[PDB]
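This report refers to the structure that appears directly beneath it.
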Amino acid sequence: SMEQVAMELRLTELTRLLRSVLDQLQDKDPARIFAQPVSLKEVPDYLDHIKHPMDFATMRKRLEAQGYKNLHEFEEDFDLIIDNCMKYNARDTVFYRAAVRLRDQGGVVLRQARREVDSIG
């Protein structure tokens, strides 16, 4: 059906819009703390602490596979990155501090991006 192609033309363009957004959110992590998944060889207890791990490269895998059906799904992953970090790491730490900085600066990019989804459909 041509009605599936029109949906795909919309999901293609969401992926194209979220691709841009992800870049801006990851330009807010120049220390690249959140780039890669937390190592299981280097933090073997990790999954005892954190049950849904998340990182930018993982979010990018899903993204290029057209695995985000809407913006809300994409925001959920972003918050997993931040919130996982802020429970796993204590408050006087470089890792926690980076999560907070990324949350504060992400709120501006996401506030615009919610409008470009609503506006452009």
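All residue names refer to the structure tokens as shown: chains lettered A, B, ... in order, residues numbered from 1 in each chain, ligands numbered from 1 in order.
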### Message
Write out as number ranges by chain the set of residues from chain A that DSSP, computed on the backbone, places in alpha helix (DSSP H).
### Response
A: 2-27, 46-49, 56-64, 71-88, 94-120
Show me a table, sorted first by chain and then by increasing residue number, of the residues of segment 14-67 of chain A having an atom at most 9 Å from segment 71-81 of chain A, each with its shortest atom pair and the distance in Å to one decimal, counting only C-alpha atoms and written as a tab-separated table.
```
residue	atom	partner	partner_atom	distance
A:14	CA	A:71	CA	8.2
A:18	CA	A:71	CA	7.7
A:25	CA	A:78	CA	8.8
A:34	CA	A:81	CA	7.1
A:52	CA	A:80	CA	7.4
A:53	CA	A:80	CA	7.1
A:54	CA	A:81	CA	5.0
A:55	CA	A:81	CA	5.7
A:56	CA	A:81	CA	8.0
A:59	CA	A:77	CA	7.0
A:63	CA	A:74	CA	8.7
```
#### Entry: Nearest residue to residue 61 of chain A from the set A:114, A:97, A:47, A:36 (distances using only C-alpha atoms)
A:36
Per-residue nearest contacts of segment 77-96 of chain A to segment 100-110 of chain A (10 Å; only C-alpha atoms) as CSV:
```
residue,atom,partner,partner_atom,distance
A:78,CA,A:103,CA,8.9
A:79,CA,A:103,CA,8.0
A:81,CA,A:103,CA,9.6
A:82,CA,A:103,CA,6.8
A:83,CA,A:100,CA,9.2
A:85,CA,A:100,CA,9.3
A:86,CA,A:100,CA,8.0
A:91,CA,A:100,CA,9.9
A:95,CA,A:100,CA,8.9
A:96,CA,A:100,CA,6.5
```
### Query
Can you tell me how far atom CA of residue 21 of chain A sits from atom CA of residue 46 of chain A, in Å to one decimal?
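Answer for the atom CA of residue 21 of chain A to atom CA of residue 46 of chain A separation: 28.1 Å.
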### Summary
Of A:19, A:6, A:121, A:49, the one sitting nearest residue 68 of chain A when using only C-alpha atoms is A:19
### Message
Which residues are close to segment 7-11 of chain A, i.e. within 9 Å by only C-alpha atoms, leaving aside same-chain residues fewer than 3 positions away? Reply as an NGL selection string.
### Response
:A and (2-4 or 14-16 or 66 or 68-70 or 121)
Output of the above residues as a PDB file, in the first residue's frame, restricted to N, CA, C and O atoms:
```pdb
ATOM      1  N   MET A   2       0.350   2.305  -0.692  1.00  0.00           N
ATOM      2  CA  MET A   2       0.948   3.646  -0.730  1.00  0.00           C
ATOM      3  C   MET A   2       0.815   4.334   0.650  1.00  0.00           C
ATOM      4  O   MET A   2       1.620   5.211   1.003  1.00  0.00           O
ATOM      5  N   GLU A   3      -0.203   3.929   1.432  1.00  0.00           N
ATOM      6  CA  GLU A   3      -0.420   4.421   2.809  1.00  0.00           C
ATOM      7  C   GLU A   3       0.684   3.985   3.807  1.00  0.00           C
ATOM      8  O   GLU A   3       0.938   4.685   4.805  1.00  0.00           O
ATOM      9  N   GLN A   4       1.319   2.835   3.550  1.00  0.00           N
ATOM     10  CA  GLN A   4       2.531   2.428   4.285  1.00  0.00           C
ATOM     11  C   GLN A   4       3.764   3.271   3.894  1.00  0.00           C
ATOM     12  O   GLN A   4       4.525   3.664   4.772  1.00  0.00           O
ATOM     13  N   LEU A  14      11.415  11.420  10.735  1.00  0.00           N
ATOM     14  CA  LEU A  14      11.584  11.474  12.188  1.00  0.00           C
ATOM     15  C   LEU A  14      13.019  11.076  12.532  1.00  0.00           C
ATOM     16  O   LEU A  14      13.743  11.838  13.153  1.00  0.00           O
ATOM     17  N   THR A  15      13.429   9.892  12.080  1.00  0.00           N
ATOM     18  CA  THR A  15      14.837   9.463  12.125  1.00  0.00           C
ATOM     19  C   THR A  15      15.840  10.549  11.668  1.00  0.00           C
ATOM     20  O   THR A  15      16.882  10.734  12.315  1.00  0.00           O
ATOM     21  N   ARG A  16      15.524  11.265  10.582  1.00  0.00           N
ATOM     22  CA  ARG A  16      16.363  12.373  10.127  1.00  0.00           C
ATOM     23  C   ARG A  16      16.315  13.542  11.136  1.00  0.00           C
ATOM     24  O   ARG A  16      17.338  14.155  11.397  1.00  0.00           O
ATOM     25  N   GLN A  66      15.812   2.799  12.517  1.00  0.00           N
ATOM     26  CA  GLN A  66      14.444   3.325  12.561  1.00  0.00           C
ATOM     27  C   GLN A  66      13.605   2.740  13.702  1.00  0.00           C
ATOM     28  O   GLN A  66      12.412   2.462  13.534  1.00  0.00           O
ATOM     29  N   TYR A  68      12.898   4.166  16.722  1.00  0.00           N
ATOM     30  CA  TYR A  68      12.141   5.133  17.541  1.00  0.00           C
ATOM     31  C   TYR A  68      10.908   5.528  16.759  1.00  0.00           C
ATOM     32  O   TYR A  68      11.032   6.181  15.715  1.00  0.00           O
ATOM     33  N   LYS A  69       9.741   5.071  17.216  1.00  0.00           N
ATOM     34  CA  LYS A  69       8.448   5.403  16.599  1.00  0.00           C
ATOM     35  C   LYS A  69       7.962   6.812  16.915  1.00  0.00           C
ATOM     36  O   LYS A  69       7.079   7.306  16.224  1.00  0.00           O
ATOM     37  N   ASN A  70       8.481   7.432  17.981  1.00  0.00           N
ATOM     38  CA  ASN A  70       8.161   8.836  18.301  1.00  0.00           C
ATOM     39  C   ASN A  70       9.260   9.518  19.143  1.00  0.00           C
ATOM     40  O   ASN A  70      10.235   8.866  19.530  1.00  0.00           O
ATOM     41  N   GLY A 121       4.947  17.724  12.387  1.00  0.00           N
ATOM     42  CA  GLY A 121       4.088  16.529  12.376  1.00  0.00           C
ATOM     43  C   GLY A 121       4.772  15.277  12.895  1.00  0.00           C
ATOM     44  O   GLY A 121       5.279  14.464  12.121  1.00  0.00           O
TER      45      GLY A 121
END
```
